[PDB]
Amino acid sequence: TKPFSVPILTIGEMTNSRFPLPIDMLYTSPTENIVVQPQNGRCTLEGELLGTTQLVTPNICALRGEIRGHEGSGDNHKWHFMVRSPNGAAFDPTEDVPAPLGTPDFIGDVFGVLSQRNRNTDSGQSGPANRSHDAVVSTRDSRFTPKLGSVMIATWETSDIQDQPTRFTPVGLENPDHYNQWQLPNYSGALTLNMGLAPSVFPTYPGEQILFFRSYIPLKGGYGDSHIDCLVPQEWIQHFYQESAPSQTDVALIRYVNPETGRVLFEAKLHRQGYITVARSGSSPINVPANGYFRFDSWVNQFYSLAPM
């Protein structure tokens, strides 16, 4: 039985798995009122990718495909973005996935850059024409239907968008007005339920909360200190995916350690479905050193009593 393990990278050395951002802190809070069901950054401890999760960091919340026309012009140009899988393959809507891999997994107005590289070269030119422009992909729009193969991408007054191969690089949120990181988009549009979902996560043992890896997410404008939380860092997903170490029970006991002092700082449960719980009530800061990281100790069960974090 290959021994299970987690990376030794510090949070200052890894990346958020729900948006391509550095990780700024650990964070916990009660979530009884909330359904925590993200679809990116989902992996079992044996390395099974779930939801829309894929391995390439810059493809998290990216879109790739081509523009084919538009509906809405003048003041706000709204282009028909036919989306493909990140590997360039045509997306098959009957694949057993919620949406193309990497699709945003939250309600919001994602701000980024729409880039195009034309598929042919004009006679005598040094290569194909290119253009990049600010754009927003609103995941709450009725035209956000990635599971059906298309989303709408908007460029405001920019009308210089061609029917050409197109990539969307995410940068942040247009504003915080309609952002809810825990509400899933309707991947097939209105009146059709989502499918293929990574399961919702919640603590089952009294006194426990989920532990999150938190990143600040930029805003194009507006007031707020917006952030996005993932269940495990992208590097952990890549680690489990390669290791495929057998899960001996449903719960791995992991301990956060200071490698300089050698001191164990707190303990946590790492669950088979790929999330962490800790013994803590409330939202107060998690005071840990920058050099700290988790270390697998042993396999336990759902009833293991954690020391208070």
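Counting begins at 1, following the sequence as shown.
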| message | Quick check on the record: does 211-219 or 126-134 carry the larger mean Cα temperature factor? | response | 126-134
| task | Could you check the entry and say whether 93-101 or 112-120 has the higher mean CA B-factor? | result | 93-101
| Out of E235, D141, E157, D229, which shows the largest CA B-factor listed in the entry? | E157
| request: By the entry's C-alpha temperature factors, tell me which of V201, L197, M152, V171 sits highest. | output: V201
| Where does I11 sit by CA temperature factor within its chain: lowest, middle or highest third? | highest
| request: Report the third (lowest, middle or highest) to which the CA temperature factor of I34 belongs, ranking only the modelled residues of the same chain. | output: highest
| task | Grab the CA temperature factor for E48 from the record and place it in the lowest, middle or highest third of its chain. | result | lowest
| field | CA B-factor placement of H77, once the chain's modelled residues are sorted into thirds | value | highest
| How does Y205 rank on Cα B-factor within its chain, lowest, middle or highest third? | highest
